[PDB]
Amino acid sequence: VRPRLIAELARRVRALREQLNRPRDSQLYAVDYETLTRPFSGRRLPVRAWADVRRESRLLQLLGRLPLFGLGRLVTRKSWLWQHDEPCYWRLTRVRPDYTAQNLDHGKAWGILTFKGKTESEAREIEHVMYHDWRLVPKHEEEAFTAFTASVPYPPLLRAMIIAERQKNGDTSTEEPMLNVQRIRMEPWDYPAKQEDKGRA
Amino acid sequence: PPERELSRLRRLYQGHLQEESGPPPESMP
Amino acid sequence: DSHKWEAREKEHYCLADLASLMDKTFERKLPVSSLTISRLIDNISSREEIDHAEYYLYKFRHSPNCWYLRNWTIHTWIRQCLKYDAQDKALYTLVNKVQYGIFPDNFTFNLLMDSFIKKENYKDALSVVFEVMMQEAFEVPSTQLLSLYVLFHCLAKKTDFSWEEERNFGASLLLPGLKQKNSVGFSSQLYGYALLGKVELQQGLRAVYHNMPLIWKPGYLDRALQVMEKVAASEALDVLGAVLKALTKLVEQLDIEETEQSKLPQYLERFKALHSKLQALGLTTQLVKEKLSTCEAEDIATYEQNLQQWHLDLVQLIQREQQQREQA
Amino acid sequence: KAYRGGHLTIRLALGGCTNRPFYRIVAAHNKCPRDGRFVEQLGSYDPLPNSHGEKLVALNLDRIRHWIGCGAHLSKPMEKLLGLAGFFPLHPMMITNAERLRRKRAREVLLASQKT
C-alpha cells in the first residue's frame, strides 16, 4: 500500500496558510462606494442593496466612537426599523475589533438579542456585522424605545385514509383527526442565526 | 392585506413596482 | 484641581529604555502590555515627547490590544497636556478620536473644558463641546457648564451657522435639556428642537441621525409642541421657525402618513395658540450665570474614589507583571 | 461514492424518448445526476394524455411517508404534483399561477368587450 507523503504534507502547508496569512476583515470586507465592487474579490453587489449601501453606515465603523467600544449599548438594523415596528435590537457583551483598519471598523461582536419585543439570554454571536444597514439607538429615549405589550385539518388524502384506518381499528369515531400547528414555531426570514454556523470566506 | 403593510412593501420597492388589482373574478369561461 | 493626583505612583522616568520595546513588539506583531503605554505617558516632559506620545497612541490604537485603553491612562495623558499646554494636541486627539480612541467620559471633560474659559479660548474650546455632543455623557452635572458655553457662542455666532453646524448646536442643546430643575432646561430643549426640526424640511432627516446620537423619528417639532404643553401644565426663534417652514433621493416615509410640508397651517395654529396661555400662566445667558453660582457643588469626592480605584488597579496589575517575569 | 455533504431528495427523473417525455419519481441523492442511480424507485408519472384523455400518476404513499419521515427533501415540481394529489397542501406557486392566468383572462374579457 502506498502512503501519500506529499499529498498529506501539502494539507499541512495549506492549513498553515489558511491560518497564518488569511486576510483580515478590512482587506476583504470593504466596498468601492463608486463602482460597487469589493477589494480582493471583485464581485459586484446586488442591486437590492445599492441605495442602502451608498447611504447608510455599517456597524463597527459607527460603534467605534464609544468608550470601551459601546459595552452596553443598543443598536438595530436599518431594515429592522422598516419591517418591524416592534422593538428588535442588540445588547452588547464583547467586541473583538479589527486593528489593521484605518478608520477602525469591521470587528466581530457578540451579545444579547431582542426580536419584536422578545429577548433571550445566552449571548450568541451577532449577524451581518459587515452590513451597511445599521442605526444606533442612543441612551436618550432608550426607555421609550423599549416598549411592548391553532389546529388545522389534515390533507384530504390523509382524511380519507385515516378514517378508513380507524374503521379498520374497530371504532368509526367520527371525531375529526387534527394535526397540531401550535407545536410548530413560525419565525420569519429576517430572524438572524448564529454567526459561527457560517464561516468567513 | 392592510395598507399599513402594503405601504411598507411599497416603500421597500418604490422604483421597481407593478400596479395591480386585488382579487381575480370568480369564474373564467 | 491638580495637586491631588500628582503622587503618580513613582516609576521609571526613562524613555530610551521604553520606546524601543514598544515598536519591537509591533514589528514582531506581538501584543503589547496595557501598562507600558501609560508608563510612556507618565514620563513626558517636553513638547517633542508630546508628539512622540501622539505617534505611539496612534500605534497603540492599531494593535491587538485595541481594548484596554484604560481611563486613568487617558487621565494621565490629559494631565500631561494640562502640565504642558492643553491648547492644541489634546484638541487634535479629541477631534481625530478614532485614530487615537481616548473617550474620557468623566469629570475629565469638565476639567479640560472649564480651563478653556480661564483663557476664554473660544474657537478652540468650541470643538470639545461639538465632539462630546456626539458622545453620550451628562449623567453628571456638566449640563450647566456645557449649556453656559454653548449660549456664550449662541450670543457670539449668529448666522445660518452652516448646512450642518445648525445641527451641531441642537443635540448638545437637547441632551442637556433633561433639566427638570428649571424651565431653562425645557427652553434649551425648545431651541434645540426648533433648529433640528428646521433642518428636517430644509435638507432631510438622515443628516440628523448621520452621526450624532439622535432618533430617526421624523416628528420632532411636535415634541417641542408637547413639552410646551408640559410647561403650560407646570423660545422666540420657534416663532420664526414654524413660519419659515411655511414660506415658499431616497424617500423613507409612507403613502398613508402625510408628508409634513402640507401641515404648516397645522404648525402655525397649535404653536401660536398656546403662547397666549403661557402669557397667563408663566436673559438666558444671565440665567446660566445664576446657575453657575447656585449649582456646582464640586463632586471631587467621587474623583478621589476613582483615584483610589486606580491605586487599587495598577498595583494588582503590575503584580502579575512581576510574576510573569519570574515564571520564565 | 462520498458526496461532500449530500442529502436525500425525491425528484422526477426522465426516461421518455425525444418529444415524448416520461417522468419517474425517484428517491435519490441531491447530487447524483438526473438519469442516474438512486436509493429507492417509486411509482412513476406519465405526463402525456392517453387514449380518452388522462395523465397518469403513481404514488406509493406507504413509502413516500417513509422517506420524508427519514429526512428527504422535495422538488417544487414534485410538491405541485402532490398538491394536485391532495397528499400535500396545494402549492402557493400553483395557486398564484392559477391567479396569473385568471387575471390575464380578466384582462382578455375587457379586451373582448372593447372590440364589439
# chains A, B, ... in the order shown; residues from 1 in each chain; ligands from 1
>>> interface_residues(of="chain A", to="chain B", cutoff="10 Å", atoms="only C-alpha atoms", output="ChimeraX atom specification")
/A:48,79,82-83
>>> write_last_selection(atoms="N, CA, C and O atoms", output="PDB file, in the first residue's frame")
ATOM      1  N   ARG A  48     -30.524  45.187  -5.096  1.00  0.00           N
ATOM      2  CA  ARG A  48     -31.434  45.455  -3.989  1.00  0.00           C
ATOM      3  C   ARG A  48     -30.721  46.074  -2.798  1.00  0.00           C
ATOM      4  O   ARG A  48     -31.378  46.454  -1.822  1.00  0.00           O
ATOM      5  N   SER A  79     -33.217  48.006   8.019  1.00  0.00           N
ATOM      6  CA  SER A  79     -34.452  47.400   7.551  1.00  0.00           C
ATOM      7  C   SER A  79     -35.226  46.725   8.670  1.00  0.00           C
ATOM      8  O   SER A  79     -36.396  46.380   8.471  1.00  0.00           O
ATOM      9  N   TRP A  82     -37.611  49.308   9.289  1.00  0.00           N
ATOM     10  CA  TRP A  82     -38.587  49.378   8.223  1.00  0.00           C
ATOM     11  C   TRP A  82     -39.614  48.262   8.270  1.00  0.00           C
ATOM     12  O   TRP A  82     -40.784  48.506   7.965  1.00  0.00           O
ATOM     13  N   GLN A  83     -39.209  47.054   8.645  1.00  0.00           N
ATOM     14  CA  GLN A  83     -40.090  45.899   8.659  1.00  0.00           C
ATOM     15  C   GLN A  83     -40.748  45.700  10.016  1.00  0.00           C
ATOM     16  O   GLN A  83     -41.882  45.221  10.098  1.00  0.00           O
TER      17      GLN A  83
END
>>> interface_residues(of="chain D", to="chain B", cutoff="7 Å", atoms="only C-alpha atoms", output="PyMOL selection string")
chain D and resi 99+102-103
>>> interface_residues(of="chain A", to="chain C", cutoff="12 Å", atoms="only C-alpha atoms", output="MDAnalysis selection string")
chainID A and resid 50:52 54:58 60:71 73:76 78:79 81:82 85 94:105 107 134:142 144:145
>>> residues_around(residues="residue 263 of chain C", least_positions_apart="2", cutoff="12 Å", atoms="only C-alpha atoms", output="PyMOL selection string")
chain C and resi 201+219+221-222+242-243+245-246+257-261+265-270
>>> residues_around(residues="residue 163 of chain A", least_positions_apart="6", cutoff="10 Å", atoms="only C-alpha atoms", output="ChimeraX atom specification")
/A:169,171-177
